Amino acid sequence: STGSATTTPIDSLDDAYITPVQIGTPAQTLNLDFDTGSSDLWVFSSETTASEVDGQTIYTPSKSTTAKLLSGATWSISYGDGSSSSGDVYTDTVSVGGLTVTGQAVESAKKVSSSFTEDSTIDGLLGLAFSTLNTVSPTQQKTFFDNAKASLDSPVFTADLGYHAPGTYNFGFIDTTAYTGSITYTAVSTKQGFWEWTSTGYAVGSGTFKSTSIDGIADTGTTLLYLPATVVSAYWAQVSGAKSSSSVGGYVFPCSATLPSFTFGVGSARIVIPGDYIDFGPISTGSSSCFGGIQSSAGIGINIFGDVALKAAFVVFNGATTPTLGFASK
């Protein structure tokens, strides 16, 4: 089997991407944030505290003839941005782009933190990291990809995120028309539950490539590119007037600037992030200070190849017995 679904930016900045997902019988379609940095499929629901729902579409398990309470199971998750959610668990039929999994754990939110409430465009998350990170207790549950893998034509999914435009998540096949050149594959460590890999270095604009190992995670659920402070300083030093602002919470730059590109290495290959992809717009409405899309990871504990980086590539998440990651230009 295969599946193919379009993923759409939630706003004009590409702050996140939503993909429609069918849950239950008859189908209830929710727009979920596919997140290769976590491993829970959770949704706003009829069980979510009413004051914490503000415009989201909810899953109502009582209206699904295939929903079953997973007795005794609870979940609770906290994300790197400080947001969180928790609740109980149903199993139900879940389909993405024509690919169907029966018996998928659908984690129903009883509580969500304010940032989820305040984002009316995201109805939940669909985790695509390794199932060892799944938070369901006392019986850990598998991701949608883990459940589908055996049925897929090939045990892979691909992320093709657009810049200011829709893109595609495919399951079970590699669309050879969706990228240019060849796909360069690189090793993955699953020891932390992430799609963790080592970039071979970077360049800023037309500058020379610096060969240096940068361990980080391919995370579709993180908006920006978080890299070591040395790398980030070298980037922003090429932008007149750019500075790190403690009050804003990262590097800002004059909105009048033209930003240089940023290149990262994948083995001997190179992925070029155009400068425009690094512009996240005014820090507050009407400001002439703009927020940068490359930020320091120094306070995180891990480097994160988020959407800013991944949207410059066609990315293969290869879930073979030994997982690997593939990157191609597009």
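Looking only at the stretch 189-223, how many residues end up being under 13 Å from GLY267 (Cβ atoms) and either in a loop (DSSP other than H, G, I, E, B) or assigned by CATH to the domain that holds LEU161 (or both)?
Looking only at that region, the number is 1.
Kindly provide the set of residues from the stretch 154-165 that are farther than 18 Å from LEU126 by Cα and touching a strand residue (DSSP E or B) at 6+ places or on another chain (Cβ under 6 Å), ordered by number. Write out each step before concluding.
Filtering the stretch 154-165 for residues farther than 18 Å from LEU126 by Cα gives 154, 162-165.
Correct list: empty.
Residues of the stretch 259-308 being buried (at least 23 other Cβ atoms within 10 Å of the Cβ) and basic (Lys, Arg), which ones?
Within the stretch 259-308, none qualify.
Using the structure shown, decide if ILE214 is out of contact with any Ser or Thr (no Cβ under 8 Å at 6 or more places or on another chain), farther than 30 Å from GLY103 by Cβ and crowded, with 16+ Cβ neighbours inside 10 Å.
Against the criterion (out of contact with any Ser or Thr (no Cβ under 8 Å at 6 or more places or on another chain), farther than 30 Å from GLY103 by Cβ and crowded, with 16+ Cβ neighbours inside 10 Å), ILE214 does not qualify.
Test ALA187 against the stated conditions and say whether it is surrounded by fewer than 20 Cβ atoms within 10 Å (Cβ to Cβ), farther than 26 Å from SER329 by Cα and either of a type outside the set (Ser, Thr, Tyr) or within 22 Å of the chain's Cα centre (by Cα) (or both).
Numbers: surrounded by fewer than 20 Cβ atoms within 10 Å (Cβ to Cβ): yes; farther than 26 Å from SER329 by Cα: no; either of a type outside the set (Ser, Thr, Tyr) or within 22 Å of the chain's Cα centre (by Cα) (or both): yes.
It is false that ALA187 is surrounded by fewer than 20 Cβ atoms within 10 Å (Cβ to Cβ), farther than 26 Å from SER329 by Cα and either of a type outside the set (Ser, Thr, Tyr) or within 22 Å of the chain's Cα centre (by Cα) (or both).
Report those strands (runs of 3 or more DSSP E) wholly inside the stretch 234-330 carrying at least 3 residues which are under 23 Å from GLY193 (Cβ atoms) and either more than 22 Å from the chain's Cα centre (by Cα) or among the hydrophobic types (A, V, I, L, M, F, W, C) (or both).
Filter on the stretch 234-330 gives 314-318.
Might you let me know whether the stretch 34-49 holds any residue that is more than 17 Å from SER115 (Cα to Cα) and surrounded by fewer than 18 Cβ atoms within 10 Å (Cβ to Cβ)?
yes
Go through the stretch 40-93 and give me each residue that's under 16 Å from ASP123 (Cβ atoms) and without any contact (Cβ under 8 Å) to a residue 12 or more places away in the chain.
Of everything in the stretch 40-93, just one residue is under 16 Å from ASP123 (Cβ atoms) and without any contact (Cβ under 8 Å) to a residue 12 or more places away in the chain, namely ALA50.
Within the stretch 141-153, is even one residue touching a strand residue (DSSP E or B) at 6+ places or on another chain (Cβ under 7 Å) and hydroxyl-bearing (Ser, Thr, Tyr)?
The answer is yes; a qualifying residue exists.
Picking from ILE122, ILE183, which residue would you name as being hydrophobic (A, V, I, L, M, F, W, C), assigned by CATH to the domain that holds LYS311 and touching a residue at least 24 places away in the same chain (Cβ under 8 Å)?
So the residue among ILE122, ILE183 that is hydrophobic (A, V, I, L, M, F, W, C), assigned by CATH to the domain that holds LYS311 and touching a residue at least 24 places away in the same chain (Cβ under 8 Å) is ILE183.
I'd like to know if the stretch 232-248 contains one or more residues that are of a type in the set (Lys, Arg) and under 17 Å from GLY293 (Cβ atoms).
Yes, the stretch 232-248 has at least one match.
Do we find that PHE253 is more than 25 Å from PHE130 (Cα to Cα), among the aromatic types (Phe, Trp, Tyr), without any contact (Cβ under 8 Å) to a residue 40 or more places away in the chain and touching a strand residue (DSSP E or B) at 6+ places or on another chain (Cβ under 9 Å) in this structure?
yes
When residues of the stretch 46-82 are filtered for being of a type in the set (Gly, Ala, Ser) and under 23 Å from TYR169 (Cβ atoms), how many remain?
1
When we count neighbours, we look across all protein chains shown, and the Cβ atoms used for this are built from the backbone with ideal geometry, even at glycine. Basis: the model, the stated rules and, where named, an outside source; no laboratory read-out is quoted.
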